[PDB]
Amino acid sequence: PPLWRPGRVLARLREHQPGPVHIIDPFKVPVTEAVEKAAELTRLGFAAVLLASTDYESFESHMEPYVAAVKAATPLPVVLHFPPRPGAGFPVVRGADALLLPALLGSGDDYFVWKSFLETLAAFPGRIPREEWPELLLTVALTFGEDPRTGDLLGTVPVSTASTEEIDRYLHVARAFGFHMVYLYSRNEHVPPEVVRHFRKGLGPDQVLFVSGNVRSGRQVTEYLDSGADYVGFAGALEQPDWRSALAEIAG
């Protein structure tokens, strides 16, 4: 088991061509709808299916079978992305191909900056057999724009875009620490394309750059890809009855 070392999922993300990635919120989207969606994501050629939410409860019982249902519907890697909780670390279920581990470098709480990683690894392997664990994608996670929800939960402070001083410190850490990926997120605004470009230029060639938050159109996906993103995530755009139309346009 690679665990924190590069594995199959990271290799796939590094080698696949850049593009959109749909994020299914498993605590909002019924499993039957996730399964329908998963079949389309495969046809569209996305690199992976992310299951992610800021909120969760009864994680293991809900997610082990949710992950299994999704994997029965798509051959694409299923990657989990959820915040950690003191006393438990990051949530995990057997069957997931990988867990995205966000180190919230802009947080004022050292638990969310990185000690969550120590609690998670201490608890490993736990109830899940060693060879069956998901791979761990070590990720620098940064938040943009006003966001009191993530701020109250995780201690994050919006990254300053007044200059490159803060961002450059995060790039030095991303590189020296050997992180696998950088995830740029905005809950309420949009990550600036200029920031995406700055990150693509400052990161090593094998470091994967994800951007998400309020992406609702194919034009936005193209703009972020043109700015250097490897993957552009989107969740909310498909949380409605007419999601097939929306998905076609965002991917089109």
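Residue numbers run from 1 along the displayed sequence.
- Mean CA B-factor, 198 to 206 versus 50 to 58: the higher value falls on 198 to 206.
- The PDB entry reports B-factors from which the mean C-alpha value can be compared for 72 to 80 and 135 to 143; the larger average falls on 72 to 80.
- Reading the B-factor column for the CA atoms of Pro241, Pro18, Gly236, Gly233 in the entry, the top value corresponds to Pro241.
- Note on the listed residues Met181, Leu99, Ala162, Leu118: the highest Cα temperature factor in the record is that of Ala162.
- When all modelled residues of the chain are sorted by CA temperature factor, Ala123 is found within the middle third.
- Ranked within its chain, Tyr185 lands in the lowest third, by CA B factor from the PDB record.
- Sort the modelled residues of the chain by CA B factor and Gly87 lands in the highest third.
- When the CA B factors of the chain's modelled residues are split into thirds, the value for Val93 lands in the middle one.
- Among the modelled residues of the chain, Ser212 sits in the lowest third by CA temperature factor in this PDB entry.
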